[PDB]
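# Below is the sequence, then the experimental coordinates.
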Amino acid sequence: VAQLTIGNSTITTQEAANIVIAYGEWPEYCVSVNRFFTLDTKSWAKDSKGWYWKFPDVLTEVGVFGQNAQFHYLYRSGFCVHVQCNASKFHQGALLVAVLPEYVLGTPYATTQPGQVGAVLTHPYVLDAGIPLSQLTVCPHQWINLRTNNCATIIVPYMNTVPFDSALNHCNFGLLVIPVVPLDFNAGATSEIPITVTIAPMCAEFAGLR
Amino acid sequence: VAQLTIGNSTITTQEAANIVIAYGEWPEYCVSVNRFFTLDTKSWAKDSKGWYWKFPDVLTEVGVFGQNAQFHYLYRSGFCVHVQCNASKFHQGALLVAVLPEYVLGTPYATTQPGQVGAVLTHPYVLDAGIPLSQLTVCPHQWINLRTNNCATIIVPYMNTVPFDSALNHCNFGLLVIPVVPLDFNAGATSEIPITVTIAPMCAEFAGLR
Amino acid sequence: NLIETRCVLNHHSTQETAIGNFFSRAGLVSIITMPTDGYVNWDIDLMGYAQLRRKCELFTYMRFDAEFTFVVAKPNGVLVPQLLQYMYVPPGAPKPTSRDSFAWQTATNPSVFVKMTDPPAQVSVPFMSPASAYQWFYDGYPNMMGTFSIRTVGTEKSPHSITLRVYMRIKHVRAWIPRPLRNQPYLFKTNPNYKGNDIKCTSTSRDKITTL
Amino acid sequence: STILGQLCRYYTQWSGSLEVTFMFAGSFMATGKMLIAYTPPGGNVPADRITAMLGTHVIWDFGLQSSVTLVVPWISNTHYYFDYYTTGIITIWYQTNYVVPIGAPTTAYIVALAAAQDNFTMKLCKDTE
């Protein structure tokens, strides 16, 4: 069990050498912006359906990354996402953690770009976009199975048709967490299992001239 | 898991390389006396307060060490104390195991020097001596935490102002075991957890001319 | 009805599933009538049909060229010696608003002049986007390629009804970032909306899990 | 209640760094996460979890490590009844809730340990109250 230390924020995780790199490319170039931001915890219940967060809309009201994006015009960065779950050896279930570039929803501004809290899917069989859930694994994905492992890390590079873009209108990719196999337990245990997401930007550049 | 063998008495313990040496000094000089004496087991309940044993008053009625001390005048030895606990992975609690040289009590002979059974503290917040419990860790101490470890070993050298002393009047140090965090469990488990102490003298000399 | 025999043992070549071979064939993209105004406007639209919308939306970023071909006749087969004009308006130029507006004679809108009795005209159009590739999925808040305009040449009304069809091939294709295939019916041509009152499952159905 | 707080009653000025060590004392079968946030001196107390995350903080999951340390960078004091005192605030935040299987108890306890660093000095001996 190791303990990472980036900036003025340290987390304690297992040094797990089973990371996935999205399409085999490392984030490269074309003070306190590289740290470990930790979002809120979502409570997995027996009837939950799914959650999603749009990037980089989730980090526009948080920290120095939130104020740098609201001043500069142009923007370009990679990311590094860490999702982990905390359950005892008497619960069962499985999660699917996959990214999806240019995620367009289907039927307001408080639903397409929800911010830092995230939103909840209504029809998780079709991902609220008409595409089926069963073929989601063509994307960079990782299986969280509560029997064996409690960790999943994806490295996401910059994917866009132009080398620089705005940070208040466009949203590159949306991360999806869907409970394929539902949660089950006997009575007398903890009914709600927490899920914790941790983001860390890699190779962030701003050339908006503010 | 190793198995020690000293004399005609063998114990089975984990070879644990996290021992503490009291003040960084090994017991040195100025047949069947070096073995593993095992005292009685004290039962940790939900409302227990603490226990203590005075050295070397605890070994004056036991074995060849008991009869050698009652015949010779002078006496000098080090010690090696081993305290371990046996609880399953559903109990919780914490013990503090620390020695204290020249432990003087405060308000009969059946309480200051109780013998081999030991005694029970009445006011464990002030150690029955007016000194507070919270600063006990300036002494040689070791934490027994039922979550992780079940073993604690201290090596105690000879600490006195004269090189030899009597064995029936003076008592050098008293060992203290205090339940800081109390024991808790659900109903249907074992209500009383045992605590086992094991003593082994190192570098014992007798020059009393009997 | 499945049957037993005629098994194959030799593997096939991998050129059959190259990305160029998947879009190599030329197919009909529009049908333009003109009865006895006098002008029509058909902007270049790939997702005009349910087919080839499901095939381009497998990927996200595509970059290619085009090649158009205009087969033109009467409503029933026959041909008459009629002169025609196909004007291609680039992205950023005003469209013709009348049969004799000023945009028909603008020097920077390239045209072709064919008769009906010729073999059909063939035009190639390069990659027109300011970005590096097209994209069928844009997440943010605000892929045009041009607009064809077709009329009969003259200052006088022609006494002939014209129906023409447009075919389109795709050359030098590159693709990026694949995506799951859509399995729900379409509603509009801009947004990926579905009907939420009923969801059609991907597979068919059987009775029990043991009855194979 | 410490030994550092009793020896600093015998002196007038002191400065240096400290370190605080925590320790979990629950059952083996339970797990969770806590956030140990430290406010620098002169600042304000955080009002919720999101503002405390932007400062200096460690993420302590007691399902893997049963103890964690936190280092205060610098304190100072010049006593005069008023003292010129530059120190921060340490707060503990529930990151996730407490998750526990069937049979283990529901409540746990945290013990907080404290000690000084190498560069902690003091001067001007003064008799106590």
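Looks like it arrived, so ask away. Residues are numbered from 1 along each chain as shown, chains lettered A, B, ... in the order given.
# Let me know whether residue A:184 touches residue A:92 as I believe.
Yes - using C-beta atoms under 8 Å, residue A:184 is in contact with residue A:92, at 5.4 Å. C-beta coordinates here come from the backbone N, C-alpha and C atoms, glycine included.
# Those two: who's more crowded?
Counted by other C-beta atoms under 10 Å in any protein chain shown, residue A:184 and residue A:92 do not tie: residue A:92 has more neighbours, with 14 against 9.
# center of chain D, which residue is that?
Nearest to the geometric centre of chain D sits residue D:20, at 4.8 Å (C-alpha atoms, centre = their mean).
# In what element of secondary structure is that residue found?
Per DSSP states H and E: residue D:20 is located in strand D:13-24.
# which other helices and strands contact that strand?
Applying 3 or more C-beta pairs under 8 Å, 6 or more residues apart in numbering or on different chains; DSSP states H and E, we find strand D:13-24 packed against strand D:67-79, strand D:110-116, strand D:121-123.
# isn't residue C:134 right up against residue C:143?
Yes - assessed by C-beta under 8 Å, residue C:134 is found in contact with residue C:143 at 5.3 Å.
# higher neighbour count, these two?
residue C:134 (18 against 14).
# Please report how far the more buried one lies from chain D.
To chain D, residue C:134 is 39 Å away according to C-beta to the nearest C-beta, to the nearest Å.
# With residue A:135 instead?
32 Å.
# try residue A:145
Noted for residue A:145: a distance of 17 Å to chain D, by C-beta to the nearest C-beta.
# beta partners for that residue?
Here residue A:145 sits in beta bridges with residue A:94, going by DSSP bridges.
# Counting neighbours, what do you get for the residue in chain D that chain C sits nearest to?
Per C-beta to the nearest C-beta, residue D:50 is where chain D lies closest to chain C, at 25.2 Å. Burial of residue D:50 is recorded as 16 neighbouring residues (other C-beta under 10 Å).
# Excluding covalently adjacent residues, which one is nearest to it?
Leaving aside its chain neighbours, residue D:50 sits nearest to residue A:62 (7.1 Å; criterion: C-beta to C-beta, 6 or more residues apart in numbering or on different chains).
# The residue of chain D closest to chain C: which element?
Residue D:50 belongs to helix D:49-53, assigned by DSSP H and E.
# buried residues in that helix?
Of the residues in helix D:49-53, D:49-50, D:52-53 count as buried by neighbour count, 16 or more other C-beta atoms under 10 Å in any protein chain shown.
# Among these, which pair sits farthest apart?
Largest separation among the buried residues of helix D:49-53 by C-beta to C-beta: D:50 and D:52, giving 7.3 Å.
# Spit out the contact partners of residue 78.
Went with chain A since none was named. Neighbouring residues of residue A:78 by C-beta atoms under 8 Å, 6 or more residues apart in numbering or on different chains: A:27, A:155-158, A:201-204.
# look at chain D instead
Contact analysis of residue D:78 by C-beta under 8 Å, 6+ apart lists D:12-13, D:84.
# what's the burial count for residue 18?
Reading this off chain A. Counted with other C-beta under 10 Å, residues neighbouring residue A:18 total 9.
# my question was about chain D
Counted with other C-beta under 10 Å, residue D:18 comes out at 17.
# so what's it bridging to?
Beta-bridge pairing for residue D:18 (DSSP bridges): residue D:72, residue D:116.
# how much space between it and residue B:134?
16 Å (C-beta to C-beta, to the nearest Å).
# Quick one: distance of the next helix or strand after the strand holding residue D:20 to the chain centre.
For strand D:13-24, the following helix or strand on the C-terminal side (DSSP H and E) is strand D:34-39. A distance of 9 Å separates the centroid of the chain from that of strand D:34-39, by C-alpha atoms, centre = their mean, to the nearest Å.
# Which strands border strand D:34-39, and is each parallel or antiparallel?
Going by DSSP bridges, the partners of strand D:34-39 are strand D:56-60 (antiparallel), strand D:89-94 (antiparallel).
# buried ones in the shortest one?
Neighbour counts using 16+ other C-beta under 10 Å place D:56-60 of strand D:56-60 among the buried residues.
# Over to stretch C:22-39?
C:23, C:29-30, C:32, C:34, C:39.
# cool, stretch D:119-127 as well?
By neighbour count on 16+ other C-beta under 10 Å, the buried set for stretch D:119-127 is residue D:122.
# Could you do stretch C:106-125 as well?
For stretch C:106-125, the neighbour count (16+ other C-beta under 10 Å) marks C:109, C:114, C:116, C:125 as buried.
# Just give the nearest non-adjacent residue to the residue in chain C that chain D sits nearest to, would you?
Residue of chain C nearest chain D, by C-beta to the nearest C-beta: residue C:139 (25.2 Å). Setting aside the residues directly before and after it, residue C:139 is nearest to residue A:171 in space (C-beta to C-beta, 6+ apart), at 4.6 Å.
# these two touch, right, residue D:60 and residue D:68?
Yes - using C-beta under 8 Å, residue D:60 is in contact with residue D:68, at 4.6 Å.
# CA atoms of stretch A:143-152 as PDB?
Output in PDB follows, covering the C-alpha atoms of stretch A:143-152 (Å, rounded to 0.1, in the frame of the first residue of the first chain):
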ATOM      1  CA  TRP A 143     -14.600  -3.500 -14.800                       C
ATOM      2  CA  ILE A 144     -15.100  -2.900 -11.000                       C
ATOM      3  CA  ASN A 145     -16.100  -6.200  -9.500                       C
ATOM      4  CA  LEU A 146     -16.800  -6.100  -5.700                       C
ATOM      5  CA  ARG A 147     -15.700  -9.700  -5.300                       C
ATOM      6  CA  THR A 148     -12.000  -9.000  -6.300                       C
ATOM      7  CA  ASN A 149     -10.900  -5.400  -6.900                       C
ATOM      8  CA  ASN A 150     -11.900  -2.000  -5.700                       C
ATOM      9  CA  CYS A 151     -10.000   0.300  -8.000                       C
ATOM     10  CA  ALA A 152     -10.100   1.500 -11.600                       C
END
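# outside of it, which residues touch it?
A:13-14, A:16, A:82-87, A:91-97, A:142.
# Could you do stretch C:75-93 as well?
C:70, C:72-74, C:95-96, C:103-104, C:106, C:108-117, C:121, C:123, C:125, C:128, C:144-154, C:158, C:160-163.
# Check stretch C:166-175 too.
Stretch C:166-175 has contacts (C-beta under 8 Å, 6+ apart) with C:19-20, C:22-32, C:42, C:59, C:61-71, C:124, C:133, C:148.
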